[PDB]
Structures are given as C-alpha cells and as structure tokens.
C-alpha cells in the first residue's frame, strides 16, 4: 500500500517525547495503520476540538431541514444568554459562532477556570461537572475580544453556545443529535459522546500531561469531559474519524448548499494565507500543494489530527498521548506530501 513517511513521522513524535503515537490513513482505498512507542493501532482517544466538526454538521443539517437560519441572531435562540460586559447576542449570528468571528471570550482562558482545569488544580477538579450554562457564565464576566465580524479568534465558548442552540432547536441534548444524525448512520462503533462519564473505552493507552509549561508528568486518562462538551468532549479512534471526515467532504451528511457554507472560510492569519476556518472545519494547503480539510484536537493528554482531501478520497487521523510533545503537522505533511 505504502505509508512509510507517515510511519517515520510517528517515530519522530515518539523521539520528541510522545509515549505512544497512532495514525491511520486511506489514500484512495486500502486503510493503513501505524504505531510508534507504546500504542495500539485501534486505540480510542479523546478527540478534543474535533468534536466541533460534529457540532457544526448537526447545525447545518438543522438549517437544511428549515429549522434554523444560521444567520439568525444568537439572541433568537438563546435569549438573554450572551449579554455580559459588552457581549451581545443580538449582534452575533449562529454562523459567527461556528467560524469563530463572534468575538466571544473563550471560557477556557478565564484565569480561575485555568487554575481549576489546566494546571495542577486539575488533580482536584478533574471530575467536576460543568453545565453548558456554567461555562458560558465564566465567559460572560469578561469583555469580548472584538466586535462581531471584525476579526477571528478561536473560542471554545462559541461551540458550547452552538450546542445550546442545537438543544433549543431539537428539544433534546445536543449529544443525542450527534448520535442519531452521525454516529449511528455512519456506523461509528468506536465513537461516543461521553457527557460527564470519565472512563476510557478499550482499546486505549494512557494519556499524559504536564498540566504546565521540568514539571512532573501526570496520567490524565480519566476526566469529566463536560469541561469541553460540544466544543470538545468526544471519544473516537483513527478509523471512525476518517469515516466521518470522508463522508462529510463527500457530501454524504449535508446537501450541496450546506457543505458549501461549511467550506466558506475565513482567513485566520495574515502570515498563513492558505489556512482558512469555515464552519467547525479548517482548510490548509500543504507544501506540495495538496489542500486538506479537517480539524485538530487538543484536550488533556491528547493531541489529535484528522484531515481529508476536498473530495474525501484521501484521509488521515491520529493521536499523540502527550500534550507537550510531537508535531502533528509533520504527520500531515508526511502523509499527504511524502515529506520526510
């Protein structure tokens, strides 16, 4: 089949300090599985921010069903929720949540939240339950980053709000929509929306973090994923992630107009003009000119990647179980461009 450069890139991650690296890929046809260090090829892992693509897909389906217009103000769906210290849901649309042009303060940057969740306080608070409204409240103490539409900044609050919109439209928790609209129809048997459940399914390797930037390493495998919810709670493997992104870019989950909206991107950096962020989905043009679509994931002890070409024909997904080491871009370049 032929994935030697990608195997090499997994080995480089492990040399950089990742205890165990895994990836799978499928170039046209014929799925390849690779591991380096201490890792299993079918390992399940916390996909972090990749969850956002699932959340966006549901909202695009709901729009296609005529149940919501993504250019609706957030206030229409979540009255009074986005109002704090300059935040104004009357002036922010659901679309602007999904492409991070809302300007809404990212709750994961709140200093008290960071002390509880991202530093050594994690050891005390890792199993605490955070409601979506509690996460939004954390953000609403603060001023927005910018006026709606004026810039771009990645904000986890945007996708917690998006989950809340899904719940308002459907009358059920957003996870049920992900399950019924995506996981079940695509037969994603290794993919779950754990809610507040902290355990990891099998097979899995441990997940490791320094909770810091010398510092000790912690086994962070178990945690209450409500810190992320619709912005990052899902668990999957490297096979299911490919199945999902291939189906998505192939148009199997969305009509043409909806996928077109999803792939309408904002330039997120002047220095990287070919990197764009659409609706819970990113594009990048690699060194060899191949354009990939997908999303990265970060959560405790878990750095995830998932990418596909635009027609969904060539896919890759994988994971590092250290959050302080390993270059995920090297794996992407190796797979799509053969870059050593």
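Positions refer to the first chain, counted from 1.
Per the record, residue 213 and residue 214 are separated by 1 to 3 deposited residues that are missing from the model.
Averaged over their C-alpha atoms, the temperature factors of 85 to 93 and 99 to 107 are higher for 85 to 93. Looking at mean Cα B-factors across 138 to 146 and 72 to 80, the upper value is held by 72 to 80. Within the listed group 222, 180, 155, 238, the record reports its top CA B-factor for 180. Within the listed group 171, 163, 195, 201, the record reports its top CA B-factor for 171.
When the CA B factors of the chain's modelled residues are split into thirds, the value for residue 317 lands in the lowest one. Per-chain ranking of the deposited C-alpha B factor places residue 118 in the highest third. Among the modelled residues of its chain, residue 310 has a C-alpha B-factor that falls in the middle third according to the deposited record. In the deposited entry, the Cα temperature factor of residue 30 sits in the top third of values across the chain's modelled residues. Per the PDB record, residue ranking by Cα B-factor puts residue 301 in the lowest third of the chain.
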